[PDB]
Amino acid sequence: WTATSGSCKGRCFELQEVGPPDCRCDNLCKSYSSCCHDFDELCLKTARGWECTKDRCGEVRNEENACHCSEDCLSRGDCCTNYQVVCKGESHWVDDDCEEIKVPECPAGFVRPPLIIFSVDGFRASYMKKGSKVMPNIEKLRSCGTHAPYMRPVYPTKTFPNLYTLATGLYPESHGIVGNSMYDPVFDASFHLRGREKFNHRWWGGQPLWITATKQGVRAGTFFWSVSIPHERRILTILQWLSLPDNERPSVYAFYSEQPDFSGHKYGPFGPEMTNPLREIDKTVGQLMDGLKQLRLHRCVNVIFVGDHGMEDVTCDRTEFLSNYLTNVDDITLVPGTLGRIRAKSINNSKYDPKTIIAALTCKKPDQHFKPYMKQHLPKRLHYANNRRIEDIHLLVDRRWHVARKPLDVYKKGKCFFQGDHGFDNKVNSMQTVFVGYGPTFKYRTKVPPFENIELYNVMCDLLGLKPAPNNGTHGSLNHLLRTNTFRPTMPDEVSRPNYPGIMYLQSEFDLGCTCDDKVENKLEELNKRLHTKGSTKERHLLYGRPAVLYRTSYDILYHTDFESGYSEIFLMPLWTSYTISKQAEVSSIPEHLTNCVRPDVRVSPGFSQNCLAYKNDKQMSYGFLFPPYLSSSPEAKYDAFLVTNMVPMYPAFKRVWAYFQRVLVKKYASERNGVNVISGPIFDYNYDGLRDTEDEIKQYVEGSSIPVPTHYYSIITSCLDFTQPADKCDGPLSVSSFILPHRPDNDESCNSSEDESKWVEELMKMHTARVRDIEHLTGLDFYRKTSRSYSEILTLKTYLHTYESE
Ligand SMILES: *[C@@H]1O[C@H](CO)[C@@H](O[C@@H]2O[C@H](CO)[C@@H](O[C@@H]3O[C@H](CO[C@H]4O[C@H](CO)[C@@H](O)[C@H](O[C@H]5O[C@H](CO)[C@@H](O)[C@H](O)[C@@H]5O[C@H]5O[C@H](CO)[C@@H](O)[C@H](O)[C@@H]5O)[C@@H]4O)[C@@H](O)[C@H](O[C@H]4O[C@H](CO)[C@@H](O)[C@H](O)[C@@H]4O[C@H]4O[C@H](CO)[C@@H](O)[C@H](O)[C@@H]4O)[C@@H]3O)[C@H](O)[C@H]2NC(C)=O)[C@H](O)[C@H]1NC(C)=O
Ligand SMILES: CC(C)(C)c1cc(Cl)c(C#N)cc1OCc1n[nH]c2ncccc12
Ligand SMILES: [Ca+2]
Ligand SMILES: [Ca+2]
Ligand SMILES: [Cl-]
Ligand code: NA
Ligand code: NA
Ligand SMILES: [Zn+2]
């Protein structure tokens, strides 16, 4: 209940929320059906429109007008935004030449440059270029300020997940807004676009920027605007708040436009009808900047122009129906569209089986436009699993397509309405969105590389002098956007120092069940192999320092001619293995006599070694090697590759992937990149939280042993960004690509896996591309500790994702 017979007189767009049943005069009142009776009359005035004209100049103040052209309007803070242009001979902001803002130029009583976030729904990255002729205000922001060619959204590429990521720095799995629609089984409650449950605070995890600000003494404007408040009134309200007294005035503000998303759904991303919404958004930007200029704030305020996601061409005819695959289609609930989420219609049905649903949806039609996954098997770059609101079964839908339960869902919701949609995999080009920063704290005329929207919360906090709440950004990775206010991070401290074992065991102390045909015998070459086991080639194979171990554990550094490793006594395998392959390196085969060779490592105790008998007796599990025997520098060096300390457990199906990567792709990348340094290793993430498992979280071991089975294998492949220099003699910036491959007992994910590895393996590896940072979270390791580069630059490198999309 609301007692709507109080009044909004002098309270219009009040910042503090008053509690029921007292009637409200803030934005949200409309969305809650709780505004006072006179809210429209007093707070939503429209009389005479939004622009001054010559005949209104110097008018007598009429309080009914939407905005004012009277002499007193500047001091009242309520002129139409074009007032000084029409009445005082001033230029529009867009007509002024760009001049570098070297320092904030703020009115007295301004303690810090304010931040205004201008968010645009569905603003696809390529609009900046393709629409530039109709968006002069936006183009001036972009060209004069700091811009990226695009910004990567989070998955799913929907509105609420991305806007709340912008506000928190968190992945959807952590903040809780995992889609525009959700069921929470602990609450037994549903979240929808329509209606009232979406306002309950239990949906919204983390700490959004407005709360971070408020807790630290910085006042915030509203972030959520009711759909019926027109854009001109949103801008006027921001400008009015900016004229408040110092003690009352917010420092952070947000504007939101429902466009161009609204029209893009109807007409497609480049429909001819899209030109007008882009014109209109630009006009609104022009109003803001003109308004700021009137207040003498245009060289004081930092402005962020940012989108939530892009838009793709999607029509009703490109719909896959689960009714064409499953017999049991009425025993499931599907969350449909540009992603699929499946759960049981009834939790009383004990004949519901996820395995049989997945199998009925796997590779059933030759041009099938979706792929089913258990959520823990989704590419780790998506970070889309660790939330009870994300259903166990997930469908990744091909760009340009939808998935639905039955045809009737599409025509009874029989002809097609829509031509655009979004929600797809966040690496897809059409889903990419925009970032522009303009103001005293941003750089002048500066282009920066594409980056992820999870990074922006930290920067917004830096722009406002706030300490960010714990989040998924990597604070410092965006310092290159900023003139000043940089955050100066330090490297994390190493927690565990390594042991450096020498030769401590005789061959006969081992009873591992391993064989090797290696009884094959010189003081020239005897001292030389000794130097290699003490680390004489380490400078070649460990280019960026050894990774630091950031948790408590017991591990050994092991040196060899061709590779170096950090060997875990707890997990009985390397945490990491590092090696460099020059452009000139040669690929050889595993000699016939060494096919089943595994050799005891006399530096490492039997008790902390793997054994071959375990693999013999585990009928499902085989083994691979981290440093590949195929890339040995010489016949004699190859024996090192067969050490028991270089062995890792591998399903035969996965060994097909791994063998092709090692035998073919590494050498290909070395030829293309002019050498590469490779770091490879295992990952254990049995609870799919994106974070390194402790020993007691491991769910699977090689049968009859304490050898833990990795969930994933990673590689980090580094070279010189200037590819005219070899990877091992690089003077400047680095270039990286990485992956986190799921360690699966089948290749069901790859529908073409019966074919030669040259037709499917690289495609798999591209799907599972990763950031170095993702591998850091999953391993508790810290890479690139010893380079010549600035730490901020290295942080940027660690956040890079190699996407494999063209332009
Ligand atoms: C991305 O960045 C984020 C933020 O940095 C990272 O998330 C953090 O990860 C930490 C480790 O997983 C985690 O720390 C835990 O916090 C517990 C207290 O949690 C509450 O308080 C915080 C602080 O205000 C709050 O933010 C939390 O909010 C979550 O939950 C509510 C709903 O309940 C949601 O509104 C919200 O969206 C959020 O949900 C997300 O996180 C939770 C986990 O907290 C997930 O379950 C959800 O699916 C969702 O992803 C909480 O309200 C604390 O109690 C934990 O302590 C246990 O573990 C320690 C280890 O040191 C152990 O010593 C203790 O014994 C203790 O164990 C006891 O509980 C166990 C489980 O009940 C039990 O088995 C034991 O036997 C013990 O009884 C733990 O420290 C931190 O909360 C989150 N923060 C957020 C915001 O998500 C994320 O990791 C980053 N991602 C990547 C990939 O890097
Ligand atoms: C989390 C939240 C959605 C409040 C949000 C976050 C940020 Cl960071 C911004 C910014 N800039 C805007 C935000 O909301 C804008 C908004 N208003 N009205 C809407 N209606 C439908 C959909 C979105 C909106
Ligand atoms: Ca949106
Ligand atoms: Ca884990
Ligand atoms: Cl109302
Ligand atoms: Na086996
Ligand atoms: Na297959
Ligand atoms: Zn949309």
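Residues numbered from 1 in each chain as written, not as in the entry; some residues may be left out. Chains lettered and ligands numbered in written order. Heavy atoms only, no water. Residues with missing side-chain atoms left out of burial classes, pairs and counts.

- Per the PDB record, the structure was determined using X-ray crystallography to 1.8800 Å resolution.

**Some points on the pattern of salt bridges**
In step 1: Applying the stated criterion to the full structure yields 48 salt bridges.
In step 2: Linking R61 and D78 is a salt bridge whose minimum nitrogen-to-oxygen distance equals 2.8 Å. Taken together, the positions of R61 in the loop between α1 (39-43) and α2 (73-76) and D78 in the loop between α2 and α3 (83-87) put the pair 17 residues apart, joining distant regions of the chain. Neither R61 nor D78 differs from the other in exposure class; each is buried.
In step 3: The partner of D728 in a salt bridge is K729, with the nearest N and O atoms 3.7 Å apart.
In step 4: For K729, a relative accessible area of 54% puts it in the exposed group.
In step 5: Connected via shared salt-bridge partners are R61, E63, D72, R76 and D78. (Salt bridge = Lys/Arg side-chain N within 4 Å of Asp/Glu carboxyl O. Helix = DSSP H or I, 4+ residues; strand = E, 2+ residues; numbered from the N terminus. Buried < 20%, exposed > 50% of the residue type's maximum accessible area, 1.4 Å probe, protein only.)

**Re the UniProt feature "binding site: Zn(2+) 1" in the protein**
In step 1: Per the UniProt record, "binding site: Zn(2+) 1" is found at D121, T159, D308 and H309. For this annotated set, covering 189 residues, all C-alpha atoms fall within 7.3 Å of each other, a compact arrangement in space.
In step 2: Within the secondary structure, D308 is located in the loop between β7 (302-307) and β8 (312-313).
In step 3: Not counting residues up to four positions away in its chain, the partners in contact with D308 are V120, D121, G122, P153, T159, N162, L163 and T433.
In step 4: Separated by 2.9 Å, the side chain of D308 and the backbone nitrogen of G122 make a polar contact.
In step 5: Mapped onto the elements, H309 comes out in the loop between β7 and β8.
In step 6: We classify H309 as buried; its relative accessible area is 0%. (UniProt positions renumbered as here; feature names shortened; annotations may be inferred. Contact = heavy atoms within 4.5 Å. Polar contact = N/O pair within 3.5 Å; in protein donor to acceptor, adjacent residues only side chain to side chain.)

**Looking at the coordination of the zinc ion (ligand 8)**
In step 1: Protein coordination of the zinc ion (ligand 8) is provided by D261 (OD), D261 (OD), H265 (NE2) and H422 (NE2), with donor distances spanning 2.1 to 2.6 Å.
In step 2: Coordination geometry of the zinc ion (ligand 8): the 4 donor atoms subtend angles of 54 to 148° at the metal centre, consistent with an arrangement described as irregular.
In step 3: Separation of the zinc ion (ligand 8) from the calcium ion (ligand 3) amounts to 4.6 Å. (Donors = N, O, S within 2.8 Å, 3.2 Å for Na, K, Ca; no water. Tetrahedral: all angles 85-135°; square planar, octahedral: opposite > 155°, others 65-115°.)

**A word on the site of ligand 1**
In step 1: Of all residues adjacent to ligand 1, which total 13 residues, the nearest are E173, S174, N386, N472 and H777.
In step 2: In the model, an oxygen atom of ligand 1 is placed 2.7 Å from a nitrogen or oxygen of the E173 main chain.
In step 3: Interatomic distance of 2.2 Å between a side-chain N/O atom of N472 and an oxygen atom of ligand 1.
In step 4: Considering ligand 1 on its own, with 1,500 Å² of exposed area, one finds that the protein chains cover 33% of that surface. (Near = heavy atom within 4 Å. Areas by Shrake-Rupley, 256 points an atom, 1.4 Å probe, with all protein chains shown as cover.)

**Some remarks on the UniProt feature "disulfide bond" in the protein**
In step 1: Judged by the 2.5 Å criterion, the UniProt-annotated disulfide of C67 with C80 is present, its S-S distance being 2.0 Å. Placement of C67 in the loop between α1 and α2 and of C80 in the loop between α2 and α3 is noted, with a sequence separation of 13 residues between them. Across the pair, exposure class does not vary: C67 and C80 are buried alike.
In step 2: A sulfur-sulfur distance of 2.1 Å between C720 and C730 means the disulfide UniProt records for this pair is formed in the structure. Highlighted residues: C720 in strand β26 (residues 712-720) and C730 in the loop between β26 and β27 (734-742), separated in sequence by 10 residues. When sorted by exposure, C720 lands in the same class as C730, which is buried. (Disulfide = S-S within 2.5 Å.)

**Thoughts on the sheet that holds strand β21 (residues 564-568)**
In step 1: Across the sheet, 7 strands lie side by side as β20-β21-β22-β25-β26-β27-β28; this open sheet has antiparallel pairing. One side of each edge strand has no neighbouring strand; the edge strands of this open sheet are β20 (555-559) and β28 (769-770).
In step 2: Bridging between β20 and β21 involves 5 bridges; their strand directions are antiparallel. The residue of β21 that forms the bridge with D556 is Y567. (Pairing = 2+ DSSP bridges.)

**Section: the side chain of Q368**
In step 1: Mapping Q368 onto the fold places it in the loop between α12 (354-361) and β12 (370-374).
In step 2: Only 2.7 Å separates the side chain of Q368 from the backbone oxygen of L361, close enough to count as a polar contact.
In step 3: Ignoring any residue separated from it by four or fewer positions in sequence, one finds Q368 in contact with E320, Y325, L361, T362, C363 and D398.

**Looking at the environment of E71**
In step 1: Here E71 lies in the loop between α1 and α2.
In step 2: Sequence separation between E71 and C57 is 14 residues; the distance between their C-alpha atoms is 7.9 Å.
In step 3: If near-sequence neighbours (up to four positions away) are discounted, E71 is found in contact with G58, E59, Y83 and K88.
In step 4: Within the local environment of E71, its side chain forms a polar contact with the side chain of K88, the two groups lying 3.3 Å apart.

**Quick notes on the packing of aromatic side chains**
In step 1: Evaluated as defined, the whole model comprises 36 aromatic pairs.
In step 2: Seen in terms of ring centroids, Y127 and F270 are 5.7 Å apart; in terms of plane orientation they differ by 90°. Their pairing is edge-to-face. Residue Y127 is located in helix α4 (residues 127-130), and its partner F270 is located in the loop between α10 (261-267) and α11 (275-294); the two are separated by 143 residues in the primary sequence.
In step 3: Residue class for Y127 comes out buried when judged on its relative accessible area of 2%. (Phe/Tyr/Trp six-rings, centres within 6.5 Å; stacked < 30°, edge-to-face > 60°.)

**Observations regarding the pairing of strand β13 (residues 393-397)**
In step 1: The buried fraction of β13 is high, at 5 of 5 residues.
In step 2: Where burial is concerned, the two faces of β13 agree: the one with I393, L395 and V397 and the one with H394 and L396 are both buried.
In step 3: Where β12 lies against β13, 5 bridges are found, and the strand directions are antiparallel. Along β13, the bridge assignment pairs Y373 with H394.

**Observations regarding the sheet that holds strand β2 (residues 146-147)**
Pairing between sheet strands relies on hydrogen bonds along the backbone, with the strands arranged either parallel or antiparallel.
In step 1: Spatial strand order, β6-β1-β7-β16-β2-β17: 6 strands in an open sheet with mixed pairing. Either end of the sheet is taken by a strand with one partner, and the two such strands are β6 (252-260) and β17 (446-447).
In step 2: Looking at chain direction, β7 and strand β16 (residues 435-438) are connected through 4 bridges and run antiparallel. Of the residues in β16, the one forming a bridge with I304 is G437.

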